[PDB]
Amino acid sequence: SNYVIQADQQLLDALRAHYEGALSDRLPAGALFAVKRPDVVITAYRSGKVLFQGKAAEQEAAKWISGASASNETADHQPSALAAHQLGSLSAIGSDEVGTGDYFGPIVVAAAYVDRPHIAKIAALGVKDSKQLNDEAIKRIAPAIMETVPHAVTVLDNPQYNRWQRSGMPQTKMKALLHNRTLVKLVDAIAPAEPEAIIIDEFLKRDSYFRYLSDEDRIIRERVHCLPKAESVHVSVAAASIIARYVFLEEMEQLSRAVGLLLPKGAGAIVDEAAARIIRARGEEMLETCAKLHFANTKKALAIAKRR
């Protein structure tokens, strides 16, 4: 009976550093490293899962964790990593959006093309876990990325957003249209070059995605991969997220200036108050130029406006 355990980042680092001569070439999908230890083979995965196989498996496992669970699991590929393992090193276009949940502002979709020779460079900019990066880091990293790799962006401003919405087009359909159009722009811009893969950070079922594009004049379908948390699959997606956020911030600064009031992000109470201030100082119609009207925030702001 081989043994498996769950190791945190500290444990993973200790394991890798401990065993001198750790192997990292030609390993199963998801595996970080393997140890050709005598009487026991150790394989550590991205998920933190570490497997001990061999005669002295239980013994080796005990050296790191107490009460190591035994299982029949083998050092095989991890389904969660099958995609990253194959797409990670390819030249690819990655796309993602921002602003969907923000009462104020547009929806921004960006796509970045990272050719094989630029993968390391973009990754060195610390694009991984872009979710952890604050706005100031975005303003710092985005420009570097835009300067290194080709990209495209499609900004859905509030007046157009509101028009599509009141017409019956839900956000899901809006996003599908924006991704497709942004992808079309990047594909033509990098031609004659062609990406080995096109990865869309999943926001809805593939089947539903293309159905929404049935009326589009041009549809990017070819080597399109719809994957969840795509940022962990390819640096191009992470790059897209950062660019999208950078543009969103830039749009918000411009929008706040046009409105004459600082527009907070999100859709909390502070947004309700801000919307109330806008109505009183500029008129309710001003919201049509800077907010996603159908949001519940509109009703709340109008109430606060008359309440004062």
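Numbers for residues come from their place in the sequence shown, where the first is 1.
Higher mean CA temperature factor, per the PDB entry, when comparing 127-135 with 113-121: 127-135. Mean C-alpha B-factor is higher over 143-151 than over the other stretch, the pair under comparison being 92-100 and 143-151. Among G283, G268, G260, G67, the highest C-alpha B-factor in the deposited entry belongs to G67. When the C-alpha B factors of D188, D201, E216, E196 are read from the deposited coordinates, the top value falls at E216.
The PDB entry assigns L23 a C-alpha temperature factor belonging to the highest third of its chain's modelled residues. Ranked within its chain, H225 lands in the middle third, by CA B factor from the PDB record. Annotation for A75: CA B-factor lies in the highest third of the chain's modelled residues. Among all modelled residues in its chain, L11 ranks in the middle third by Cα B-factor.
Among the modelled residues of its chain, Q254 has a C-alpha B-factor that falls in the middle third according to the deposited record.
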